[PDB]
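Engineer: First the structure, then my questions, so here it is.
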Amino acid sequence: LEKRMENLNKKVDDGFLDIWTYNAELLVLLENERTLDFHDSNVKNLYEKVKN
Amino acid sequence: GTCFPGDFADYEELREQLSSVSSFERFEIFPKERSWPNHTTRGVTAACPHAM
Ligand SMILES: *[C@@H]1O[C@H](CO)[C@@H](O)[C@H](O)[C@H]1NC(C)=O
């Protein structure tokens, strides 16, 4: 006879997990692209320095 | 709703149970004519009218 509390607890527990999963995947897929662009920029700076 | 006044015990819990129900089968748990030999089963009230 406390089904509403059980559903509220399930709603809280299943709502936090989605947010944390989404945040983790966004963090990984943004930092990977930033790392790759940073490497390409560093190679370009060495080429410009040797040319100059 | 409740045509006769009174309190419906655990009404919201009944709503929460009936939310996830696909179907029902209405069956006669106690027959009116045979399961009460020594009582009067005829009872009417003016708080619940049907066709005047
Ligand atoms: C009803 O009354 C009759 C007549 O006396 C009796 O035999 C019977 O035990 C009573 N109860 C039921 C449940 O029929």
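Please note that chains go A, B, ... in the order of the structure tokens, that every chain numbers its residues from 1, and that ligands are numbered from 1 in the order shown.
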Considering only C-alpha atoms, extract the chain A residues located within 10 Å of chain B and return them as number ranges by chain.
Structural biologist: A: 1-4, 7
Engineer: Could you please extract the residues within 7 Å of ligand 1, counting only C-alpha atoms and all ligand atoms, and hand them back as a list in words?
Structural biologist: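 Using only C-alpha atoms and all ligand atoms, everything at most 7 Å from ligand 1 comes to residues 36, 37 and 38 of chain B.
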Engineer: Please, which residues of chain B, numbered as in this document, come out helix (DSSP H, G or I) from DSSP, as a ChimeraX atom specification?
Structural biologist: /B:11-19
Engineer: Would you put the residues from that selection into a file with N, CA, C and O atoms, as a PDB file, in the first residue's frame?
Structural biologist:
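Contents of selection27.pdb, as written:
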```
ATOM      1  N   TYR B  11      -8.115   5.602  -1.978  1.00  0.00           N
ATOM      2  CA  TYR B  11      -8.633   5.862  -3.317  1.00  0.00           C
ATOM      3  C   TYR B  11      -7.504   6.094  -4.317  1.00  0.00           C
ATOM      4  O   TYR B  11      -7.540   5.572  -5.442  1.00  0.00           O
ATOM      5  N   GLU B  12      -6.485   6.855  -3.915  1.00  0.00           N
ATOM      6  CA  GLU B  12      -5.377   7.164  -4.813  1.00  0.00           C
ATOM      7  C   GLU B  12      -4.501   5.942  -5.051  1.00  0.00           C
ATOM      8  O   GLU B  12      -3.955   5.763  -6.149  1.00  0.00           O
ATOM      9  N   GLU B  13      -4.373   5.079  -4.043  1.00  0.00           N
ATOM     10  CA  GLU B  13      -3.677   3.812  -4.233  1.00  0.00           C
ATOM     11  C   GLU B  13      -4.436   2.898  -5.185  1.00  0.00           C
ATOM     12  O   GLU B  13      -3.820   2.178  -5.979  1.00  0.00           O
ATOM     13  N   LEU B  14      -5.772   2.926  -5.132  1.00  0.00           N
ATOM     14  CA  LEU B  14      -6.576   2.184  -6.100  1.00  0.00           C
ATOM     15  C   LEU B  14      -6.383   2.717  -7.512  1.00  0.00           C
ATOM     16  O   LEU B  14      -6.338   1.939  -8.471  1.00  0.00           O
ATOM     17  N   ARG B  15      -6.274   4.042  -7.656  1.00  0.00           N
ATOM     18  CA  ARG B  15      -5.982   4.628  -8.963  1.00  0.00           C
ATOM     19  C   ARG B  15      -4.612   4.196  -9.473  1.00  0.00           C
ATOM     20  O   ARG B  15      -4.444   3.909 -10.665  1.00  0.00           O
ATOM     21  N   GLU B  16      -3.625   4.140  -8.577  1.00  0.00           N
ATOM     22  CA  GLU B  16      -2.278   3.740  -8.971  1.00  0.00           C
ATOM     23  C   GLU B  16      -2.221   2.262  -9.345  1.00  0.00           C
ATOM     24  O   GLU B  16      -1.445   1.870 -10.223  1.00  0.00           O
ATOM     25  N   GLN B  17      -3.026   1.423  -8.686  1.00  0.00           N
ATOM     26  CA  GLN B  17      -3.112   0.020  -9.089  1.00  0.00           C
ATOM     27  C   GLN B  17      -3.836  -0.134 -10.422  1.00  0.00           C
ATOM     28  O   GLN B  17      -3.410  -0.918 -11.275  1.00  0.00           O
ATOM     29  N   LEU B  18      -4.925   0.611 -10.626  1.00  0.00           N
ATOM     30  CA  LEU B  18      -5.713   0.511 -11.849  1.00  0.00           C
ATOM     31  C   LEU B  18      -5.077   1.211 -13.039  1.00  0.00           C
ATOM     32  O   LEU B  18      -5.611   1.099 -14.147  1.00  0.00           O
ATOM     33  N   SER B  19      -3.988   1.958 -12.832  1.00  0.00           N
ATOM     34  CA  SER B  19      -3.308   2.602 -13.951  1.00  0.00           C
ATOM     35  C   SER B  19      -2.702   1.581 -14.907  1.00  0.00           C
ATOM     36  O   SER B  19      -2.843   1.709 -16.128  1.00  0.00           O
TER      37      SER B  19
END
```
